[PDB]
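Single chain ahead, by itself, as structure tokens, in the form deposited in one PDB entry.
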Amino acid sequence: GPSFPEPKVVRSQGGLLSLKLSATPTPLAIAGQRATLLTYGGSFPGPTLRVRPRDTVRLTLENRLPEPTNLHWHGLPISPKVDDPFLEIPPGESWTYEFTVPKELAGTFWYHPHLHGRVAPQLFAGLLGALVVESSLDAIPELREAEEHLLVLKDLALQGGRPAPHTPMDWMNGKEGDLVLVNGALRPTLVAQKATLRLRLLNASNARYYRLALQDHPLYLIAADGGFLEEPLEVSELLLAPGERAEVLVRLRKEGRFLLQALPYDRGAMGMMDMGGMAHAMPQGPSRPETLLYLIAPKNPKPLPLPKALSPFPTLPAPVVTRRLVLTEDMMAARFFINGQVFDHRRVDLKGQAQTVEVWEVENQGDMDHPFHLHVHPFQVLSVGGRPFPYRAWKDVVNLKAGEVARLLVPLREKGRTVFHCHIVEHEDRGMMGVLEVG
């Protein structure tokens, strides 16, 4: 097959993507070995859904797992009556998700389970896939002529031919695996045919971070989680926290082989040490560097010029309220809190008004990185750690290192009850989630 593996694409037909997916334990060949994963559509990652604004999506999820599950349409500003974080599909049962793709939308999104208490093992076992919203922007020559690929960054650990079980330490840190895969493949080779690549990036890992760097090359960020930037932004590296997406242009400068690496990064994961007497927690330190893929540049590469502009970011109304959400940890108990509380599905924590804008100040008073995710309502990151953000674009996950405050501009869109949580999904399962009601 193609030297570069990517999930199969399912496209809307005549404005309708009607699809039945089964969540099912599936024997597969993965990274040269045989394993039984939990999959959507029989594959890992699940199929990529490619749609356009105003399309109708009609996705029937059949639960063939031995435990209940559901779907989160991560990043989609749709109704929480569709993207329902409280819905439970019992084993054997089916549920049909139907929504219209919003008109003003573009970028890389994804789907995965969101059943509180069960997310981390289900997501770790392989239940995820991408959703791409095509834009009219894709027809500008600087993007249309680029070579496009999706890179689903997700790691895995196998034990006896199945996903490795969660240990108590995994619930504290978030589980990482030793198999650091792109699109389910171990260090695939990408033999580029064009000098400009358009790479959609998805961190679908439970907890692993990807400090992305391409050897000898900068990256040109053209989209964040939920939409285009206003213009490309040159970066030397790009950190993708769990649940985040990005789109980058790569402008291949010369012939040769270049590594795409996940450079060492310390997210505050903790181990345990006994040095005489007392056993206590100790930092794991930075991750070991990982090669994600081998990128082979074509003959005499002449990259396209960059697009001068992408999408203007909407001017937002002046905000009507400021929130503060403080994140804290009880590491030895693997308990995690927002404003001193753990999630309770019966308890409404924030009440806002649709079509108003709020300022959310999210403060990480823990020692671990926490990537904060809000459903349903994409936000604009104003600043993190007192540093202004270098671009304007829609995001739905913001990473907070220890001590950092993120200031977010949150327009409230669809009415209903939804959630916000850490997207180290172990921490969500362990309480770091709250309930927002929009009326």
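Counting begins at 1, following the sequence as shown. Basically, rigid core = biggest C-alpha set you can superpose within 1.5 Å across the two forms.
Novice: Which wins on mean Cα temperature factor, 339-347 or 146-154?
Specialist: Per the deposited B-factors, the answer is 339-347.
Novice: Taking the recorded C-alpha temperature factors, which stretch has the higher mean, 117-125 or 267-275?
Specialist: On average, C-alpha B-factors are higher across 267-275.
Novice: Checking the entry, which one of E176, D138, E358, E247 has the top C-alpha B factor?
Specialist: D138 has the highest C-alpha B-factor of those listed.
Novice: Among the choices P80, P301, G107, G243, identify the one whose CA B-factor in the record is greatest.
Specialist: In the PDB entry, the greatest C-alpha B-factor among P80, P301, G107, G243 is found at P301.
Novice: Ordered by C-alpha B-factor within the chain, which third holds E329? Give me lowest, middle or highest, please.
Specialist: Middle third.
Novice: Going by the entry, which third of its chain does the Cα temperature factor of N206 land in?
Specialist: Middle third, going by the recorded CA B-factors of the chain.
Novice: Among the chain's modelled residues, which third holds the C-alpha B-factor of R253?
Specialist: Highest third, going by the recorded CA B-factors of the chain.
Novice: Could you look up the Cα B-factor of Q380 in the entry and say which third of the chain it sits in: lowest, middle or highest?
Specialist: Its C-alpha B-factor, which the entry lists for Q380, ranks in the lowest third among residues of this chain.
Novice: Thinking about Cα B factors across the chain, which third does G41 belong to?
Specialist: Tercile = middle for this residue's CA B-factor.
There is also a form deposited in another entry; it is not shown, and the following applies to it.
Novice: Identify which of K302, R324, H280, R288 has its C-alpha displaced by 2 Å or more between the shown form and the other one once the rigid core is superposed.
Specialist: Among the listed residues, the one whose C-alpha moves by 2 Å or more is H280.
Novice: Having a change of 3 Å or more in the C-alpha distance between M278 and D266, I'd like to know whether it is closer or farther in the other form than in the form here.
Specialist: Here the pair is farther apart than in the other form; there, closer.
Novice: Taking the shown form as the reference, report whether the CA atoms of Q365 and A281 lie closer or farther apart in the other form; the distance changes by 3 angstroms or more.
Specialist: Their C-alpha distance grows by at least 3 Å in the other form.
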